[PDB]
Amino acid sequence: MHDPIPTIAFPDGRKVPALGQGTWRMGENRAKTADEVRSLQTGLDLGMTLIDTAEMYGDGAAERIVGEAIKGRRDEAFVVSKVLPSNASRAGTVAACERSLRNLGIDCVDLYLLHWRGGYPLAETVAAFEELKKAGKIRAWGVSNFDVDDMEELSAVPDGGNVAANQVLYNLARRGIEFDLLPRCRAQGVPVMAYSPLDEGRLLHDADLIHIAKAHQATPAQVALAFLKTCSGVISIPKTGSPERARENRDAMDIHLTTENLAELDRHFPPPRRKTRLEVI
């Protein structure tokens, strides 16, 4: 038996499970499509109800994978997509959202993010997001790859206080946000979505992670996700094209990391002692 996945609250009061699902690199190989769809469906069945995608991912292909996975069960998914900054003018953002809705085969996305900071005024992107919300095409908007200075600029734009999430790189190998951005977002009540929670697989070769996983009869990936489960105000979004790995990732939530485990992880993956440049992928 599994314990329920912990939930994370958005500023609007909506709650989502702390473990979701990613889709970057899905939709590239026709031989993998069926299993990518099955992976997302399996995750939905197991309570990993947030699914993260973007217009960038295969230029609509990953969105179409998500659209297939949610057929006949839209209400059970919390769908996140994104607008590229090169499209984030007011008219551009509306057009991007319409393309995303068509690829996803849905009326409304749950959360719509600015993918990173670009050249169009933030006030204009936010105005588009608010228009889309009033139109019933998105339920909430947020940002991604926003450092502390980028977050500060939201207070200078109308409706900037409505930001629902900041999706940034966060995993055991990439802990920089702990010094500043993560405490700020927690204090604002803005969830951090931890992208690349396995560091795209790179973290899984770490000696200490392998050591701790062995002690729990678990995998390194499960320990990496279990670490993020201990971080309040964080939603992790691991990606896998394998339904077997979707099941494994769900089971990461059953790991009980000890006080000693957490101290050991901090020795091997040192938290930041000073402000550091936001790491991105």
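One rule holds for the numbers: they count along the sequence shown, beginning at 1.
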Mean C-alpha B factor from the entry: is it higher for 205-213 or for 102-110?
-> 205-213
Going by the entry, of stretches 69-77 and 169-177 the one with greater average Cα B-factor is 69-77
Based on the PDB entry, the highest CA temperature factor among the options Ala31, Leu225, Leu44, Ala62 is that of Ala31
Top Cα B-factor in this entry, restricted to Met1, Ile8, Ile281, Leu278, sits on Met1
By the entry's values, the third containing the CA B factor of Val16 is the middle
Sort the modelled residues of this chain by their C-alpha B factor and say whether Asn162 lands in the lowest, middle or highest third.
-> middle
Where does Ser155 sit by CA temperature factor within its chain: lowest, middle or highest third?
-> highest
Entry-reported Cα temperature factor of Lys239, expressed as the chain third it lands in = lowest
C-alpha B factor of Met56, ranked within the chain: lowest, middle or highest third?
-> middle
